[PDB]
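Next up: just one chain, as structure tokens, the form deposited in one PDB entry.
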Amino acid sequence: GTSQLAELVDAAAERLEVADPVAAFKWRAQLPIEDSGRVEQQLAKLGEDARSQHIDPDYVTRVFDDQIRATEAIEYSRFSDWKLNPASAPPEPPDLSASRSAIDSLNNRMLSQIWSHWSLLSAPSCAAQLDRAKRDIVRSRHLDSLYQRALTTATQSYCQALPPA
């Protein structure tokens, strides 16, 4: 009763959820949500990680850009909420450096699954296995409407993996 893509999508969902403590920290520290210099660095490092792990870097780049976009979308929604209702901004978020550490371990989890399941990601049955995984994770993580939209954005390029050679 389980999708081969469950572990990948669970990681990706877990990494989206880090958006909440990140947004809370940045609100309190007056940091921007999007720093395009930083994102560029993050993607370039992921590309390098992909090559060293024998994964198509162009795939990783696109996929992680979807994931980062999704993450920003959540952060923006939180900022909207806290502008309307500043008393609801969490007053003691976890350290940004702890959130980044969580992110970096999740990046690795996702890369390791992308490599392992490359035949699935690149096969015609991917779209179905991904829908199944998404539904399962939305339920297991109790993802609300916002996180649901985000998870769809973050996974929208998964099934465009191409077979090698």
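What we label the rigid core is the largest C-alpha set whose atoms superpose within 1.5 Å from one form to the other. So that there is no doubt, residue numbering starts at 1 and follows the sequence shown.
The same protein also has a form deposited with a partner chain bound, omitted here; what follows describes it.
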{"property": "In the entry with it bound, the residue from 122, 61, 129, 113 that sits within 4.5 Å of the partner chain by heavy atoms", "result": "61"}
{"property": "Contact residue in the entry with it bound, from 135, 38, 28, 51 (heavy atom within 4.5 Å of the partner chain)", "result": "38"}
{"property": "Contact of residue 96 with the partner chain in the entry with it bound (heavy atom, 4.5 Å)", "result": "yes"}
{"property": "The partner chain contact in the entry with it bound: residue 43, any heavy atom under 4.5 Å", "result": "yes"}
{"property": "Residue 55: touches the partner chain in the entry with it bound, heavy atom cutoff 4.5 angstroms", "result": "no"}
{"property": "The partner chain contact in the entry with it bound: residue 18, any heavy atom under 4.5 Å", "result": "yes"}
{"property": "Complete contact of 6, 14 and 143 with the partner chain in the entry with it bound (any heavy atom, 4.5 Å)", "result": "no"}
{"property": "Residue among 39, 138, 126, 111 with C-alpha shift of 2 Å or more between the shown form and the other one, core superposed", "result": "39"}
{"property": "Flag for residue 95, CA shift 2 Å or larger between the shown form and the other one after aligning core", "result": "yes"}
{"property": "Residue 36 and residue 143, C-alpha gap in the entry with it bound relative to this structure (3 Å or more)", "result": "closer"}
{"property": "Direction of C-alpha distance change in the entry with it bound, residue 72 to residue 36 (at least 3 Å)", "result": "closer"}
